[PDB]
């Protein structure tokens, strides 16, 4: 079956969810995407590594390009294994240095590709630097096809960020055209009913077994667990 990644920026909420997942479905938990203050993220990373095994992957979100390397070094020292660079479309020339320092640490590089004047240049740079690219499905279709074709040719894993059910249909169709496609980042799930609709669409597309990420932004602890279990059944 598929494995679950969880994205949550609140430490108290993430740990409460993580403790429950460890008790119920520890072997299905693949990793966590964490963010926030360096002091909070580093404490979360240690807590998550204490809960789960040394095999737990932890992605630290970097939202400030000029502070990314310092936050990355401290997070990796806590046990993080990957970075997710957001806001790269503003200053594309800054990603090489960040990606170079990530590589020197043996850290995976994930680049979030969102809209902007330099979105194609960001996509090109991400293709030359990143292990994986997260493509916002809300992007215009021709732009998304461009980014996916660029990443595929570079051998970069492609992750589709989806929020609407129509975004799911878009990403599913494009996923079948993208060999580099690796999985979905599920945003907007607010109850088990929405989690069921996604699970059914993924089943109809034959994409169930791929690991996915569930963003917990729109969920409380009990609904996050119920939505996670609903997607994983």
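Residue numbers count along the first chain shown, from 1.
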Inset, instruction - Output the stretch having the higher mean C-alpha B factor in the entry; the candidates are 218-226 and 11-19. - result: 218-226
Legend entry - Between the two ranges 44-52 and 24-32, the one averaging a larger CA B factor in the entry: 44-52
Legend entry - Criterion, highest CA B-factor; candidates, 187, 61, 191, 57: 191
Legend entry - Most elevated Cα B-factor in the entry, residues 80, 89, 105, 135: 89
Inset, instruction - Divide the modelled residues of the chain into thirds by Cα B-factor and specify which third, lowest, middle or highest, holds residue 141. - result: highest
Inset, instruction - State the tercile, meaning the lowest, middle or highest third, of residue 152 with respect to the CA B-factors recorded for its chain. - result: highest
